[PDB]
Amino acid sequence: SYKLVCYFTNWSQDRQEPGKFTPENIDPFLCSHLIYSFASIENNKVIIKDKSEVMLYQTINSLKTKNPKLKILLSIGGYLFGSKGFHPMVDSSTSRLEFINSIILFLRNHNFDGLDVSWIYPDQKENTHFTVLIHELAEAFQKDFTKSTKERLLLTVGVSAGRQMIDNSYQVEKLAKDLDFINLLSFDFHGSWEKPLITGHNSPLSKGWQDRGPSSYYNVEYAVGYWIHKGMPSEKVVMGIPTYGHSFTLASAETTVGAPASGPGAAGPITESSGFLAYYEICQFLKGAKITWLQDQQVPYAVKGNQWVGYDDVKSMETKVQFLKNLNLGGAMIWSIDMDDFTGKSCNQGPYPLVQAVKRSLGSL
C-alpha cells in the first residue's frame, strides 16, 4: 500500500559511459511512478527541451504497455529553472490558463499520467503564485476529469524539507487538498555550500546529538513531522531518499562529523561535479575505505585519504523505509534513479541495488 516514486533526468544521457542513462534503461516494474525531469515553458506553454524527446515518448508507451499499473508524470521546474522560469506565465489568469490548457493537452497527447511541479523554491516572494498555480491546476484537472473517460490527471509537487523555506513558501492546508501527494525533497541538507565549512551528512534520518537549536531541524525525521504538524496528512507524504552523496575534502585529520573541510571532495570520474557522488561512483570509492554508521543520525559515511563521503546505503534504505511505514506515509520517492547502480556492474549487486532495497523493504509485510 505504498508508492515508489522515481525521478529520472534528461541530462544523465549526456554523461559518459557507463554513466550514460536514457529512458530505455528503466525497469518498468521497479517503481510505481516515474517522473521525467524536467520540462520547461515557452510562450506560456509547456515544452520539453531534449534532443531525445521523441525517443522518450517511444519508451514511455513501451514502458506503459509492459506495466499497465505504471504511472509516469512530467515534472516541471527544478533547481536550474528557479522561479524566473515561471515568469511571466504566472502573472495572469489568462496567461496561467493558457499554460494549464497546454499541460492538459500535452500530457494526454503523450501518455503521461499527471504533472509534478517542482518549484525550487517559491519562498516568500512566490508563495502566492505557486498556491494559485497549484489550485488552478487541480481545479482544471478535475473539470477535465468530469468530461473524460480517462483517469484523472495527477498533480503532485516536489517541495522543500527546510522549515523556514516551508513556512515561507507553502499554504500547506490548501496544498493538502489540491495535491494528490507531495514529493518531499528530504535530502541535500548538508553539502559543500555550508558556512562554515564542515562535514555534514546529505540526508540524515534523525538529528545528531549536538544538533541544537535550528540545526535540529535538518533531518528526514524532522521534515516529515513538520509537514504533518503543518496540515498535510501522512498518506500524502512521499518521502525523499537520495541515491547520491556529498563529498568533502578534509582540512585536518579529524574524520568525524563536524570536522573542518578544505572544500568539496574530488569530482567523480563520471559525474564530474565537485562534492557530489553517484552511488555507482560511491561503490568504487568504498573500496579501501572506512565506513562509519552514525548511531544517532542513522546513516553512514566513509573516509578514504582526505575524502569524506556522506551517503545512503542499503541499511539506510531499509532503516528509512521502516520509519516511513511507522508514520503511515504514502511511500518513498527516489532522487534520482540514474544515480543508482542501474547497469548493476559497478556495485555488482544487480541493477538498481538501492531502489530494489527500497522496493523490497516497502513490499515486505
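Residue positions are given as counts along the sequence shown, with the first one as 1.
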{"query": "Mean Cα B-factor comparison, 85 to 93 or 101 to 109, giving the higher one as deposited", "finding": "85 to 93"}
{"query": "Between the two ranges 246 to 254 and 68 to 76, the one averaging a larger CA B factor in the entry", "finding": "246 to 254"}
{"query": "Residue with maximal Cα B-factor (values as given in the PDB entry) among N44, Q58, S336, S37", "finding": "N44"}
{"query": "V159, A138, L115, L197, ranked by C-alpha B-factor: the highest one", "finding": "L197"}
{"query": "Record-listed C-alpha B factor of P214: chain third", "finding": "highest"}
{"query": "Entry-reported Cα temperature factor of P269, expressed as the chain third it lands in", "finding": "lowest"}
{"query": "Within-chain third of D14 by Cα B-factor, per the entry", "finding": "highest"}
{"query": "Ranked C-alpha temperature factor of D167 among modelled chain residues, by third", "finding": "highest"}
{"query": "Ranked against its chain, the third holding the CA B-factor of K51", "finding": "highest"}
